[PDB]
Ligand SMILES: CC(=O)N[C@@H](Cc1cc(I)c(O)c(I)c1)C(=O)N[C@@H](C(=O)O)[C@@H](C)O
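First comes one chain, alone, set out as structure tokens in the form solved without the ligand.
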């Protein structure tokens, strides 16, 4: 989308709502596959709710975009190569826009809580320029409101930390599992993330030994937030389990979890909503509490998609 210029990034939408445009400050990538980041402090200190996102992407060059909420962006600059990092503190993903997989809207009545005393103070935008003098102001327009939402969006991130993929190894599974101990959450979307060695990624809710699919996807396909086939509640006592299937074929050395292309990642982002009075905005699982449970994981978790 065009650079904003004189009107600025804040557009009043009504007395209690406004649109905040988070855009690259006229950048001009010089290499293929460049990742740029920029941040914006929220204009209001009090709590607000993010209830909608509208992509403003230059269809030709922009491969994908991600928007995070955090309190300490990696750089205080105008923009930077994200290899410097997205946030120093924990970055809370709010939205993903991938070129060949249009995003799905948030369910009405659902909003992410930001600002205030405990919410994110900054938005951090990451734009991935794939195919490239002209300045690009691609980004996202966020719809914010002061009106408390009845349902609060949050994120349950399942991620491996210890995976080691031996060179040439045929199959390597990275399993993650935690017991859920909060009020109930309803999963409505999910996103998988792996680098080049990932074949398939699947997440499940396990209740009384029974496995319910949350999402299963080939991480090589656009890493968008895809809608869940059917809303899945997860309640106190349930166990969340995820498995990423990797291969070492093609590598001459071992691959471990890390930030570079030569490293791997096994991440499953589970986006959910919770009743406002019970809601917590984020949870993470980097452990594998029920290792043997995977002896009963659906076969689909190992068959590519």
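Residue numbers count along the first chain shown, from 1.
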*Would you class the number of unmodelled deposited residues between residue 161 and residue 162 as none, 1 to 3, 4 to 9, or 10 or more?*
none
*According to the deposited model, is the average Cα temperature factor higher in 49 to 57 or in 25 to 33?*
25 to 33
*Tell me which of 135 to 143 and 71 to 79 has the higher mean C-alpha B-factor in the deposited entry.*
71 to 79
*asked:* I'd like to know which of 233, 175, 84, 89 has the highest C-alpha temperature factor in the PDB entry.
replied: 84
_Highest recorded Cα temperature factor - choice among 223, 126, 208, 202_ = 208
_Quick check for you: using the entry's CA B-factors within this chain, is residue 249 in the lowest, middle or highest third?_
highest
_Relative C-alpha B-factor of residue 165, binned into the chain's lowest, middle or highest third_ = middle
*Taking the chain's C-alpha temperature factors as the reference, tell me which third residue 99 falls into: lowest, middle or highest.*
highest
*Would you please rank residue 62 by its C-alpha temperature factor against the other modelled residues of its chain and give the third it falls in: lowest, middle or highest?*
highest
*Lowest, middle or highest third of the chain for the C-alpha temperature factor of residue 109?*
lowest
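This protein has a second form, the form solved in complex with the ligand, left out of what is shown; the following refers to that one.
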*asked:* If contact means a heavy atom within 4.5 Å, which one of 72 to 80, 117 to 125, 157 to 165, 214 to 222 is the stretch that engages the ligand in the bound PDB entry?
replied: 157 to 165
_All of 36, 41 and 95 within 4.5 Å of the ligand in the bound PDB entry, heavy atom check_ = no
_Since only the chain is shown here, I'm wondering whether residue 267 would be in contact with the ligand in the bound PDB entry (any heavy atom pair within 4.5 Å)._
yes
*Examine residue 113 and determine whether its closest non-hydrogen atom to the ligand in the bound PDB entry is within 4.5 angstroms.*
no
_residue 99 versus the ligand, in the bound PDB entry: is there a non-hydrogen atom within 4.5 Å?_
no
*Could you confirm whether residue 251 comes within 4.5 Å of the ligand in the bound PDB entry, counting heavy atoms only?*
no
*Looking at 90, 230, 181, 135, which is the one with a non-hydrogen atom within 4.5 Å of the ligand in the bound PDB entry?*
90
*asked:* If the cut-off is 4.5 angstroms on heavy atoms, which of these, 66, 62, 245, 271, is the one near the ligand in the bound PDB entry?
replied: 66
*Using a 4.5 Å cut-off on heavy atoms, which residues of 24 to 49 contact the ligand in the bound PDB entry?*
44, 46, 47, 48
